[PDB]
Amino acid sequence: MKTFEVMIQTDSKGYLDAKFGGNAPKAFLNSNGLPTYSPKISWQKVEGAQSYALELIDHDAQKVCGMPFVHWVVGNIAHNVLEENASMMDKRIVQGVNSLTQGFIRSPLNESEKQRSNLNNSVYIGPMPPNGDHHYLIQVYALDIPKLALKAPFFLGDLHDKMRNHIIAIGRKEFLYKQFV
């Protein structure tokens, strides 16, 4: 199993810009004040690959709420880049359900509202760390197949189910985002 370099533009101190998370100027927040504007992320081409997948996870969220928080899951990435604002704009990628959802199985909403909430949250949600600055982990998977059989709404383990036995390489990369409010 091989590895590859993953990149994302941060400042000198390794911080991603305010606009990509909770501290964003209002104009980069959606109707409800949520940072939905995804950053440009890119990585080395991996020979043999035919698509890539990506998960963005906050390990520092375990302290805050008991488990790590899922910010972004994306599969069917045809090329070695996600262009800035890809989450709202890219129409070829397929996107997984993030941890703001209230459509997980043990939720008290009915089947239809679970579905509505899952699709609603099948996007990038930006950093919003309450207890202080956090590191965030981008992990990129290089796959030996062009397409994953995934339809929104799908969850992190669904990505992994369809990726299983098809991963030729993995790339990791961390960034910082300042405390929120």
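A residue's number is simply how far along the shown sequence it sits, counting from 1.
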(request) State which stretch shows the higher mean Cα B factor in the entry: 133 to 141 or 27 to 35. (result) 27 to 35
(message) Tell me which stretch has the larger mean Cα B-factor in this entry, 118 to 126 or 43 to 51.
(response) 43 to 51
(message) Among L56, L156, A61, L148, where is the Cα B factor highest in this entry?
(response) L148
(message) Could you place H79 in the lowest, middle or highest third of its chain by Cα temperature factor, using the values in the record?
(response) middle
(request) Report the third (lowest, middle or highest) to which the CA temperature factor of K91 belongs, ranking only the modelled residues of the same chain. (result) highest
(message) Ranking every modelled residue in this chain by its Cα temperature factor as given in the entry, which third contains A152?
(response) highest
